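A single chain, nothing else alongside it, follows as structure tokens in the form solved without the ligand.
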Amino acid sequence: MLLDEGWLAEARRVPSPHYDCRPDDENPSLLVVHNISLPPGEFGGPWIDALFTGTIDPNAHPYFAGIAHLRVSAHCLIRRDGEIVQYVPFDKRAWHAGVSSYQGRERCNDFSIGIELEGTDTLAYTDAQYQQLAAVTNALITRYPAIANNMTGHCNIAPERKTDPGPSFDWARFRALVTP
């Protein structure tokens, strides 16, 4: 599917304040796969959208207090039913990696795009999510050729800090649907 001025043509647009420029206005070359669930283990709620736009209610759930002090964001979320939500245009810097490193290069926010799958490290992701993530990645690949050769997990760039997307993420099934 197509890209429209840095946005997904087939995604809900949820413009977050949480973003800034990529240095040198560099084109992103890496894809970083994440997972997220709020509160942990639960799906469907409004909390992901809120955390990413800086408006989560610290008090809504015991878990949220901690993350309110956070200022994070991703480019896209793909929900359990496959719904795609976008928060940042791809040309811009979302705040999804944190302290990280790929192939010698730190600060992966700089040169990566970050896509989250609603889910956990130990729960299976859905058929919709596999199809949708593939769609999106094929899109990016058309735009940024280099991403074909650079696709990783948050756990792979922040080892012993992050575990997402976990053993649950079937890299076999995912590559298969990519660069068709």
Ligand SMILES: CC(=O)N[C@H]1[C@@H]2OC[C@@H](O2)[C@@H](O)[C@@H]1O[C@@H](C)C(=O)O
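Quick note: we count residues from 1 along the sequence shown, nothing fancier.
Only in words, not in the display: the form deposited with the ligand bound, which the text now covers.
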Q. With a 4.5 Å heavy atom cut-off, would you call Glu118 a contact of the ligand in the bound PDB entry?
A. no
Q: Indicate whether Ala124 is a 4.5 Å heavy atom neighbour of the ligand in the bound PDB entry.
A: no
Q) Should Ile147 be classed as touching the ligand in the bound PDB entry when contacts are defined as heavy atoms within 4.5 Å? A) no
Q: May I ask you to check whether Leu38 falls inside a 4.5 Å heavy atom distance of the ligand in the bound PDB entry?
A: yes
Q.
Within 4.5 Å, heavy atoms only, one stretch in 22-30, 65-73, 126-134, 139-147 touches the ligand in the bound PDB entry. Which?
A. 65-73
Q: Go through 137-166 residue by residue and record those having a heavy atom within 4.5 Å of the ligand in the bound PDB entry; state none if no residue qualifies.
A: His154, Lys162, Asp164
